[PDB]
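Only one chain is shown below, in structure tokens, and it's the form deposited in one PDB entry.
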């Protein structure tokens, strides 16, 4: 028995107040009855399906039923209950199940969809501002050294060509700034970038600036408020989106609310009468607690109602401040989204993350709010407390395992294509189709080793991850310099200054990024399409994006040259295929795949 269904046209279609659901079956012992098991206000419904007279494809039988859209919540969950005289079988995002699937692992479609629909149309680029580009006209005022109290020494200035070292990793400045990003927008635009995610830019003593000192003012070293306001103008003018790093789990210990180094008068660290005393945790004798290992990053206590108001509760809150005029940013990347909470830990985390996302959409209804999840984000996404997550668990780490033999802990990993796709497909199963389309996918970040370094001897697999990055469901994010071949180990060495000298750039890898963003811009199924893994064994993964009549076929081979027979899939029943990238060859259901390759085909 075989079955096909994707939560997307041609398999679903909205018409009047109805959502039409089609299932495809094929086999010798087809079920005489199929029931669409859908959910309406969390109640399980048995919706009858009827057999369509016309075969959608040779030897395939189509069933159709419908979900009433006038009732129920927007997230339409369903699966298929295949019924014979004596038995049943479930068809799910994870193929066949012999017992009922988990409610939160069904197919799901958001109708109506209230999420940020612009996200799926984007190509993202992550910039660590100190290390991206120095503006042509920066004051040496922005080059001045000061004493970094939390570190115990003066900050260090380095020149763009000086080697990055482990010493003073948080206090070494190469001087990149926001005007530098503005001036490099034409580079970013010819890369295909339509959206920027910036690491923190607010006033802070370290170079990374997660040690926030002032949530209301841009750090002068980056050019201050005027330079970010210009970056807002320039990106708007170029139709680009701009997301800022939201660091709300914790402040820096130089913030005026805490003020450990007593720059001012009212800080909570050394004053029991401080207005912000209840925004931080203290020992019974009144000594401020460290957060994890960090004196520099005291944790904010969302037990306090006034803290709740300051961050997201009130109209004057930090979360809404940067979303209205004049800043009008497009949303927030939430740092440490999973640990924010009350009493020094993640207590009531889900309530506060929801409160933040809600406050964002009050100020700006199409605001994009997504959180950094090294871990399993499914509970957050399944309760809709945020729009998306940095998809380390659903995308990054499966590719670390399959291509680079490592994982989140940099432990040995040995997983073949079957395991890799069961992993990636199991993660998506917890997400609606509209959620899958906006998952924030990347290969590395400011908080990981460079993916190119993680490949080691297998660095020739890097072009595979690039193609995969642009073709797996979700919005892709390029970590700055990845595209020109920047490498390095984990923090601090993953934050090398961008090599603007072309002699220091992998020009071929950069072109591959350019072509892939063009393909994604060009073809709807790479932005809106369902996704069916078709073959996943040993070294070879083959999947197809599916949107209406269009198909995009992707074949990734991490190992030696081989041939892979694709059994006649009704998803691949098209007029013909046009190869768009890679040197693979499809002919008569046989994929001839060269060693260590990734190929993309468009249906013609």
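Residues that one form lacks are left out of the comparison. By rigid core we mean the largest C-alpha set that fits within 1.5 Å across both forms. Positions refer to the first chain, counted from 1.
Look at the C-alpha B-factors of 372-380 and of 495-503. On average they run higher in 495-503. When the C-alpha B-factors of 547-555 and 50-58 are averaged, 50-58 comes out higher. Which of 387, 315, 425, 245 has the largest Cα B-factor in the deposited entry comes down to 315. Within the selection 528, 397, 132, 279, the deposited Cα B-factor values reach their highest point at 279. For residue 151, the recorded CA temperature factor ranks within the highest third of the chain's modelled residues.
The deposited CA B-factor of residue 477 belongs to the lowest third of values across its chain. When the modelled residues of the chain are ordered by their C-alpha B factor, residue 560 lands in the highest third. Ranked by Cα temperature factor within the chain, residue 542 sits in the lowest third according to the deposited record. Sorting the modelled residues of the chain by their CA temperature factor places residue 332 in the middle third.
Although not depicted, the form deposited in another entry is the subject of the following passage.
Measuring CA movement between this form and the one not shown with the rigid core aligned, the set 286, 186, 163, 152 has one residue at 2 Å or more: 286. Regions where at least three consecutive shared residues each shift by 2 Å or more at the C-alpha between this form and the one not shown, after core superposition, reduce to one span, 285-292.
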